[PDB]
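Below: one structure, written as structure tokens.
Every number here is computed from the coordinates shown, using simple stated rules; none is lab data. Note: ideal-geometry Cβ built from the backbone for every residue, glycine included; neighbour counts use all protein chains shown.
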Amino acid sequence: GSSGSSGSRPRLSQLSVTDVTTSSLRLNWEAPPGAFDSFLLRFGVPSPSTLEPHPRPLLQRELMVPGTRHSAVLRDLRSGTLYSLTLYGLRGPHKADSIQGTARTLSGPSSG
């Protein structure tokens, strides 16, 4: 009772967040050689579908890091807030893989 699937392909590793700063943090993912050309990290504010969206426009951004480099540092983040990160293993023209890494920033001396 099985179809059968065997194919070697480069995949991303457990994306964890270290040095979680009050309004910043750091990422670290393991990937094999010649896996992807670059890495596109997209960090957006996770909003609940149960509640209504805020009338305030939130600009989105991303980081650009080569395969040889597996790091990502986000700045200008909210305090004590959970951000939804998602890295993409650009294998060239289009993204090949995509991992999800969650992290909660620290709550320090900040203002509104």
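Can we say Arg69 is closer than 13 Å to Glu30 by Cα and not acidic (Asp, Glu)?
Judged against the criteria, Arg69 is a match.
If I ask for residues that are closer than 23 Å to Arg104 by Cβ and without any contact (Cβ under 8 Å) to a residue 24 or more places away in the chain, which ones from region 15-44 would you list?
Within region 15-44, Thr18, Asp19 qualify.
For region 18-43, give me each residue that is in a loop (DSSP other than H, G, I, E, B), among the charged types (D, E, K, R) and under 17 Å from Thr86 (Cα atoms).
Within region 18-43, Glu30, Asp37 meet the criteria.
Please identify the pairs in which a residue from region 52-77 that is more than 22 Å from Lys95 (Cα to Cα) has its Cβ atom under 7 Å from the Cβ atom of a residue that is aromatic (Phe, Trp, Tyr) and assigned to a strand (DSSP E or B), counting only partners at least 6 apart or on another chain.
Taking only residues 6 or more apart or on different chains, the pairs are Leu77/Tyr83.
Filter region 49-106 for residues that are surrounded by 15 or more Cβ atoms within 10 Å (Cβ to Cβ) and of a type in the set (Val, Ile, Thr) and give the result.
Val65, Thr86, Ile99, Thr105
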